[PDB]
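In structure tokens, one chain follows: the form deposited in one PDB entry.
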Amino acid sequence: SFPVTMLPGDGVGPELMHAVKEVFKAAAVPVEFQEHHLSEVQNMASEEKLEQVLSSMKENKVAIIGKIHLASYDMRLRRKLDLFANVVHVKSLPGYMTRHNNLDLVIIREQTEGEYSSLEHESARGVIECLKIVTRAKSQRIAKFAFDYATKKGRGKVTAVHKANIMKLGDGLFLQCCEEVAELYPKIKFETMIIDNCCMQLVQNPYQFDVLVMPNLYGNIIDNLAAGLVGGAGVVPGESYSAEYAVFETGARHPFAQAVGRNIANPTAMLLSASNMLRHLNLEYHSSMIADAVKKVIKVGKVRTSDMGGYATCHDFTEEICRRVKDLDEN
């Protein structure tokens, strides 16, 4: 019934998407995936595949995607779809024990400027400049998003992470636009932390954080730091947004190319954001069901992939959920 754009992506991307399709079938989820292949496609054919994804999104409004790769294909995609805001929900899984259990964090990263625009040159032989872009426009949007997230989801603190002491013009602009819109949301507590400090805080005591907003590169750092705290990739989901579109990804994006054709990859992250997707499509029964089937299979601990201390293969772990899921629908 519901058309969803699908870009399987790199490495385990396709094997992950496959587990989503299998779990959906078992749950009888009324979604029909329109698959599109964008990863490492020839450079001359790039912009046409880029456009039909743009136009596929114009029909479907929603997508689920793997990892991708004169700017990078990822940036072009983010730009054509204007996916300015990235959110990654760092949440402990009740049976899956780490050094930071009971953790509930949200990381909001803007992902259309900064170090990611490929603006480099050689100014002398051996001397290379690399330009990191910060704009009022984009930093304004992402701070409003963070504060709308905090309001929409009943959160209470939004912390802006910067390095404005030494990059006073660039990170300064980002930081004061967050200061500006932080007054438009007086019911939300606003704080600020220099980024190195905050990564120290994230390891030593991440329970004081709630919601975090930052530019692109720091979001990459902290997306991955925080995912590590609750059991790593394989487990943490993320989604990214425009004004129209919602696209669902894994939280700490990595291709896991060493795992391709082995049966070892964890579909927990992709299955979870698939359930996050189904909520965005107003399929709350299907999303709630798939999600806490995944959480129960993990909690009982009979079947677990190798990154979660078990020995089960990807397929065995995927079939374990489908059996659980297909049974829930009966009971």
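Here, rigid core means the biggest group of C-alpha atoms that superpose within 1.5 Å across both forms. One-based numbering along the sequence shown.
Keep in mind that the form deposited in another entry is not shown, yet the notes after this line are about it.
Once the two forms are fitted on their rigid core, between the shown form and the other one the CA displacement reaches 2 Å or more only for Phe256 among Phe209, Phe256, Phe145, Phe248. Three angstroms is the minimum change: in that other deposited form, the CA atoms of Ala257 and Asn86 sit closer than in this structure, by 3 Å or more. Compared with the form shown here, the Cα atoms of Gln258 and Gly228 sit 3 Å or more closer together in that other deposited form.
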